[PDB]
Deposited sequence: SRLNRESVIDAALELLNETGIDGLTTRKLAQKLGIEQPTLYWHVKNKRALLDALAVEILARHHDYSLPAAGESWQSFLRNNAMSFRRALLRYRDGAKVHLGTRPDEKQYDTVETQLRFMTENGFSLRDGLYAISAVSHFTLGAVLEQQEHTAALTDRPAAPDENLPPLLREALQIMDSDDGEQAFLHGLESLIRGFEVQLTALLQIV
């Protein structure tokens, strides 16, 4: 079938949902596309190159809150941005593992730059803004990775542990994520407002 970049991406994302990240192979992608492996190679050099592109395109397609609304507080931006990142990562099987290890692509530079500048315009030093943005990124990835990989992995319990596992087996991870996110953001705010004061 059609082997423009868009269509190759499309097929690889469909395959990802079917196979997961470990099971995804270029041979299987060629099959899906109805082509021979050497044909695919002209378009897609290896699995690494494919995964890198998927990580970018999943966010381009589905991460809609990359930038602050006009007049938005930095707190609200980080909240909305994290929720959006989370959702985008969850949209595909093993989507957080596809993201893991990547760094901002040229196609995301202006976006990331804007996020950093926004933080510095709201009183963060570049370093402190970086630490905030990384912490949210790490927390969000971590939460989604554990959600997705725990699902992939699937009476002498002591009572709090039994109960805590009953709580966890009762939603998908969202409540715990959102509560953690609030804690994170509030801590960032306490730090920012402290300036040079012992806190």
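Note down, first to last, the deposited-sequence stretches for which the model contains no C-alpha atom.
-> Residues lacking C-alpha coordinates: just 155-162.
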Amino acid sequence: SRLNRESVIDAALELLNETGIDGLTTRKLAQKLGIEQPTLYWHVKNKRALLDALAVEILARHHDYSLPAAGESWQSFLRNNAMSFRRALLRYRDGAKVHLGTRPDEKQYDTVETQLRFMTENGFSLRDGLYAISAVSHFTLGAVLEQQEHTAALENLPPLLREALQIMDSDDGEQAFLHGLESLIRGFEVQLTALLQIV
From here on, numbers count along this sequence of modelled residues.
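Do at least a third of the other compared PDB entries leave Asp64 without coordinates?
-> It is not, since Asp64 is included in all of the other entries that model both flanking stretches.
Third-or-more of other entries without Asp52 = Modelled in all the others, so no.
Pick between 139-147 and 160-168: the one whose mean CA B-factor in the entry is higher.
-> Taking the mean C-alpha B-factor of 139-147 and of 160-168, the larger value falls to 160-168.
For the C-alpha atoms alone, is the average B factor greater in 85-93 or in 101-109, going by the entry?
-> Per the deposited B-factors, the answer is 101-109.
Determine which member of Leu50, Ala152, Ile133, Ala30 has the highest CA B-factor, using the values in the deposited entry.
-> Answer, based on the entry's C-alpha B-factors: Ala152.
Could you tell me which third, lowest, middle or highest, the C-alpha B-factor of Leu59 occupies within its chain?
-> Bottom third by C-alpha B-factor.
B-factor third for the C-alpha atom of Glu189 within its chain = Middle third by C-alpha B-factor.
What third of the chain, by the recorded C-alpha B-factor, contains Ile35?
-> Within its chain, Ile35 is a middle-third residue by C-alpha B-factor, going by the deposited values.
Check where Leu178 lands among this chain's C-alpha B-factors and tell me if it's the lowest, middle or highest third.
-> As the PDB entry reports it, the C-alpha B-factor of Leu178 lands in the lowest third of its chain.
Lowest, middle or highest third of the chain for the C-alpha temperature factor of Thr120?
-> CA B-factor rank for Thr120: middle third.
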